[PDB]
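Reading through the structure tokens given below for one structure.
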Amino acid sequence: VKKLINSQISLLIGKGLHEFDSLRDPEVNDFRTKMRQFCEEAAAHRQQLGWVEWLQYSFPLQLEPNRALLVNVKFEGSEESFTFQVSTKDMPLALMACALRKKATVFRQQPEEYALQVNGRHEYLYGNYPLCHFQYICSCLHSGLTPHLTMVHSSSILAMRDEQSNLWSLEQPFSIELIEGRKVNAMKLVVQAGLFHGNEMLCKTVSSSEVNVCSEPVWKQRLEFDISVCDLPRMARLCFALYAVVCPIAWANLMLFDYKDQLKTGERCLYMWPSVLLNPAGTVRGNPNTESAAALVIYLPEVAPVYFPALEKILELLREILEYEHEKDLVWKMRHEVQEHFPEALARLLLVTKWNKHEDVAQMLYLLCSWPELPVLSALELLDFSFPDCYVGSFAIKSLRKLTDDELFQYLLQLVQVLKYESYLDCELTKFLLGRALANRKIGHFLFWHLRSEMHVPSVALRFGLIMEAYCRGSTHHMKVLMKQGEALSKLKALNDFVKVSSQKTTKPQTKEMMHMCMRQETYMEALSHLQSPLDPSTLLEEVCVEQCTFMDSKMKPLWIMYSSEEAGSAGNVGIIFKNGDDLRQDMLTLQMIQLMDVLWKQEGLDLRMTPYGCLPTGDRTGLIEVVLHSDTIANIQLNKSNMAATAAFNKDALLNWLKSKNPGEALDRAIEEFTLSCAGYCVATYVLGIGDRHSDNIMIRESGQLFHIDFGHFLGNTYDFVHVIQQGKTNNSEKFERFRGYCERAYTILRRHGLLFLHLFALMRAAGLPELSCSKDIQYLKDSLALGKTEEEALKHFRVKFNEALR
Ligand SMILES: N#Cc1c(N)nc(N)nc1N[C@H](c1nc2c(F)ccc(Cl)c2c(=O)n1-c1cccnc1)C1CC1
């Protein structure tokens with residue numbers, strides 16, 4: 001009956017749905033019911049979409065941020081093809097018109113009823129864009145390859161759609177009773193408790209009295225906080241810290257209001273988390289491992305049945321140079337003038353608001369409702385934990401509904417990490433991400449994997465697991481599509497684990513050939529084959545080419561899997577790298593910013609030929625990396641293999657000879673250009689992000705000439721082989737070196753004008769717990785490298801010195 005789906009979901013998300021049931025939590029069950037109908041209604045909307053509107057859902061256009069061109073078009077039934085000549089100028093419609101003209105004038109006698117599919121890929125060319133704005137065409141024009149498209153009728157598209165369906169009174173001081181506990185340590189135990197409105201204290205913390213090490217201690221000590229109960233904001237969370245003293249032990253937080261605005265009472269057991277001193281950013285749900293978690297019971301006094309006031313009761317109630325408390329007063333001040341004439345300074349007004357005073361809040365929340373929507377940029381800042389308030393969040397999400405699916409896609413990683421700053425399961429952000437994920441399958445694809453990859457993490461396991469379940473209710477088909485991806489990753493791990501065992505007992509060629517025998521098994525063939533790339537859902541992974549597969553002799557023995565597509569031709573020759581043992585989250589992040597840099601640069605006419613390859617964690621220290629084909633490490637090139645076309649008299653020539661071998665005579669001129677531009681781009685990206693530990697074996701170069709970085713283990717601060725290529729070999733070519741210096745400088749200014757975009761995004765990534773990005777000013781390096789507390793003309797003066805430092 002309907003049980004297969006629930007089992008499929010359980011397997012997919014990696015946790016039984018019976019486990020959600022076993023909680024007997026009304027919040028959990030109200031989420032699973034509210035979001036289910038939400039996701040089900042979204043699925044109903046989908047099946048009504050026009051066949052073009054449905055293409056947008058399943059196959060979102062992948063675009064770029066006079067010139068003739070060779071196309072190859074074939075139809076569905078017959079494998080017969082036609083080769084036209086169109087311009088990069090032309091729309092897809094004019095091409096489809098040509099497709100019909102040649103078809104009719106050979107079969108013997110309407111473009112609007114068709115869509116061009118990219119052969120052997122989950123991509124479609126449509127809309128009123130010139131062909132060169134499509135990234136498949138732009139790719140073909142960069143490799144000299146010929147686009148191979150396919151005329152698909154609207155009738156068979158509709159067949160796909162159908163195939164893929166289914167009280168201000170309480171003035172007393174706030175108090176709690178610290179009863180007993182159960183711990184482990186050598187001394188004296190003590191309980192520090194603090195009230196927080198996010199990253200700020202509502203009042204000063206209070207500690208318990210010292211109670212000794214052995215036990216199972218007890219206090220029964222009533223803790224009174226310097227704040228009244230009618231002044232606790234809606235997002236008041238009480239944060240307990242426990243440590244030994246003559247040594248940290250455990251911490252735990254919780255909201256002083258339940259998920260229905262009711263004031264918390266009376267007794268609650270707090271299963272604490274290990275520590276490292278208070279941690280308000282931490283989760284407000286207990287350590288799931290009750291079997292071994294240090295516990296802390298407390299008592300919240302009754303005070304009557306008190307809810308938090310509804311919104312309709314909150315109804316009640318020079319500067320400029322600032323853009324100190326006397327200053328803070330001079331930005332609390334004319335509250336109304338900010339809204340009236342400085343709407344985009346809301347964030348600075350929201351943190352001068354006295355959140356420990358219900359009136360200063362109600363007056364702030366009054367302005368917020370009449371507040372005009374802000375740009376996407378300002379909204380990304382309001383999402384941070386330093387704006388924890390209930391209504392500030394909704395205002396931020398309200399100002400992100402104008403996000404384009406390509407904008408949302410660029411930021412989706414950060415929006416997902418913010419989910420950890422939440423206090424309740426049902427939020428505006430979750431409802432927003434699910435809504436967008438269900439309207440764009442590409443968003444939904446990466447929403448799923450970003451959540452699935454962290455299901456091994458106890459603190460987010462419940463939330464992320466529930467979000468995915470909800471999403472699955474909204475797409476029965478993608479779940480099955482994602483199941484196939486999971487099943488492939490499952491065998492990739494088993495294969496990798498075997499390769500780890502085998503290479504310890506024997507050598508590479510024996511393990512490689514026995515690796516191949518493992519892959520040749522039916523269960524492995526019918527699992528690694530015919531799936532959408534988790535790295536890129538539009539990229540299809542059809543036939544696994546076992547003979548071409550292998551592994552690296554690193555310590556983690558990462559796998560090298562190649563594919564081929566009996567349709568896509570050369571576009572179907574693609575590979576993926578399976579890695580198990582390392583954390584690939586920071587690598588994905590760096591590649592997300594380099595991609596952004598590439599977009600920002602491209603959105604001003606600067607194409608530095610960057611290679612932002614795919615990187616996706618899929619599980620615990622498990623992820624995938626897109627193979628950049630036709631490339632090689634500088635190490636292997638400068639190694640200077642004997643009697644090979646890079647045979648050089650000097651080490652300085654090993655690279656330029658390698659290019660000359662791959663780029664004959666006149667084709668070289670463009671290879672030097674690809675190199676110079678890609679070099680400049682990654683020099684800047686390296687500098688801005690502070691990517692360290694660079695050397696000949698983590699820098700790679702494409703046969704096109706494009707150089708690109710790999711292996712991003714450390715960032716944010718934690719040679720005349722390029723100059724020789726850039727200068728064409730000539731010892732003195734200032735004109736060709738100054739143009740490189742030119743590329744770098746302009747590439748740096750463009751990022752500075754968008755420095756706040758990178759800033760806010762990294763501030764949201766603090767929620768990831770990346771070792772290299774966790775301190776509340778690890779982001780300092782980024783502000784320095786970008787010189788953001790400063791203007792352009794002289795930032796390109798400071799940028800100069802370091803360029804001259806790196807030059808010598
Ligand atoms: N990251 C990355 C990345 C990437 N996206 N695309 C390519 N093409 N290579 C990349 N990394 C290279 C690389 N990585 C591998 C891997 F990870 C797993 C399995 C294998 Cl069997 C290899 C492999 O053979 N190489 C390699 C070495 C020497 C020459 N050419 C390739 C650099 C590390 C040696």
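Only this structure's heavy atoms are used, side chains among them; waters, hydrogens and symmetry mates stay out. Count residues from 1 along the sequence. Order of appearance sets the numbers: ligands from 1, and atoms from 1 within every ligand.
- In this structure, of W560, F712, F578, the residue bringing a heavy atom nearest to atom 20 (C) of ligand 1 is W560.
- Every atom of ligand 1 with a heavy atom of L559 under 4.0 Å away is listed here by number and element: 18 (C), 19 (C).
- Residues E547 and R520 are paired through a salt bridge, judged by an N-O separation under 4.0 Å between the basic side chain and the carboxylate.
- Ring-plane geometry between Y124 and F59 is classed as tilted, the angle between the planes lying from 30 to 60 degrees on a 0 to 90 degree scale.
- Per-atom contact check: atom 26 (C) of ligand 1 does not touch the protein, criterion being a heavy-atom distance below 4.0 Å.
- Interface of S631 with ligand 1, defined as ligand atoms under 4.0 Å from a residue heavy atom, comprises 8 (N).
- Applying the 4.0 Å criterion to heavy atoms of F551 picks out, from ligand 1, the atoms 21 (Cl).
- For atom 13 (C) of ligand 1, the nearest non-hydrogen atom from the set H709, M552, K508 comes from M552.
- Residue-ligand proximity, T550 to ligand 1, at heavy-atom distances under 4.0 Å covers atoms 21 (Cl).
- Heavy atoms of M700 come nearer than 4.0 angstrom to ligand 1 in at least one pair.
- Counting only heavy atoms from C-beta outward, the side chains of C679 and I726 approach each other to under 4.5 Å.
- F799 has its ring centre less than 6.0 Å from the ring centre of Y687.
- Classification of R609 and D607 as a salt-bridged pair holds, one side-chain N sitting under 4.0 Å from a carboxylate O.
- Closest protein heavy atom to atom 28 (C) of ligand 1: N636 ND2, 3.6 Å.
- In terms of protein heavy atoms, atom 18 (C) of ligand 1 is closest to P558 O, 3.5 Å.
- Going from atom CG of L408 over to atom CD of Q410 covers 10.5 Å, rounded to the nearest 0.5 Å.
- Across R702, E626, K512, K579, heavy-atom proximity to atom 5 (N) of ligand 1 is greatest for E626.
- A salt bridge does not link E674 with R702: every distance from a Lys NZ or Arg NE/NH1/NH2 to an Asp or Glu carboxylate oxygen is 4.0 Å or more.
- Side-chain contact check for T633 and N636: at least one donor-acceptor pair (N or O, by modelled atom type) lies under 3.5 Å.
- Heavy atoms of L629 come nearer than 4.0 angstrom to ligand 1 in no pair at all.
- Screening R436, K442, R441 for a salt bridge (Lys or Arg N to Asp or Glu O under 4.0 Å) involving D405 leaves a single residue, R436.
- Of all protein heavy atoms, the one closest to atom 3 (C) of ligand 1 is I577 CD1, 3.8 Å.
- Polar contact with ligand 1: present for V628 (N/O pair, distance under 3.5 Å).
- The heavy atom nearest to atom 2 (C) of ligand 1, considering only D632, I710, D711, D587, is found in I710.
- No cation-pi contact links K557 to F551, judged by a cut-off of 6.0 Å to the six-membered ring centre and 45° from its axis.
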